[PDB]
Amino acid sequence: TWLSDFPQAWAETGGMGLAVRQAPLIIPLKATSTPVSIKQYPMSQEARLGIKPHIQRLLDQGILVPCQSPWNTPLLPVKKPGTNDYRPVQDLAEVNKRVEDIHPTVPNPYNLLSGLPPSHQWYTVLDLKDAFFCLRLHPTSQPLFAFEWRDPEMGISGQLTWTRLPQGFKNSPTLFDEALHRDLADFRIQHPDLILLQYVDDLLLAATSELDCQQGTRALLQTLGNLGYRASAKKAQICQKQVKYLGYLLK
């Protein structure tokens, strides 16, 4: 129904996204910042083989590429509770510390919803999958996020780094919010009878009736697909009068 019509708007059917209108991002440093190289902490064999699959996937998607840089931060295998699944988690504290700050133009998780008029009772909530990875990193800033990766009988031994905005980077939330705000501006002007709330990668569309919500959602998904974003079809809440958004429950 809603999936078949917009295959490029869903993560499950469109694959990894890529914001086609966003130029590669350059990351400004603080004036006195200098490169930091924290060597990779030793890792249990179970851990390394545990994250290999995630690292390999990332490399297949071209999100990770080999490199060599004077920057380097530790990669930590984070054991998922209950299961024997390890997720690669990088500690960018030392890098975040050296990057120039950005003043979040982000409204607020509360004052946001409080603006919603009671006149719009129909909602559609969407969360974008791997939002940060949809924004590319300019090759000049890529070296900042480098880390070590080695695996004997695998294929490589050295440093890897990201070609997309990484997790753990203090400025990703804001950078993605601003980018998505730029990409969805026209949508707003083209649909003044709809209310569009957006906080980083979580979206809420409000209409004055089930019909407008239906048509508004179709237009939104269409727009997200064209742009290269991907929402979670699994967690989507389409044209409902009661939905949960940002932890809050609406009725």
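Per Swiss-Prot, chain A residues shown: 683-933, in order.
Including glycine, each Cβ sits where the backbone N, Cα and C put it.
Residues or ranges marked as Mg(2+) 1 binding site in Swiss-Prot: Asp809, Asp883, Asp884.
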Problem set entry | Listed binding-site residues (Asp809, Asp883, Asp884), ranked by Cβ neighbours within 10 Å, top entry | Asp883
Seminar exercise, completed: Within 8 Å of the Cβ centroid of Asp809, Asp883, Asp884, the other same-chain residues by Cβ around the recorded Mg(2+) 1 site are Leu808, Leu810, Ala813, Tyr881, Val882, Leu885
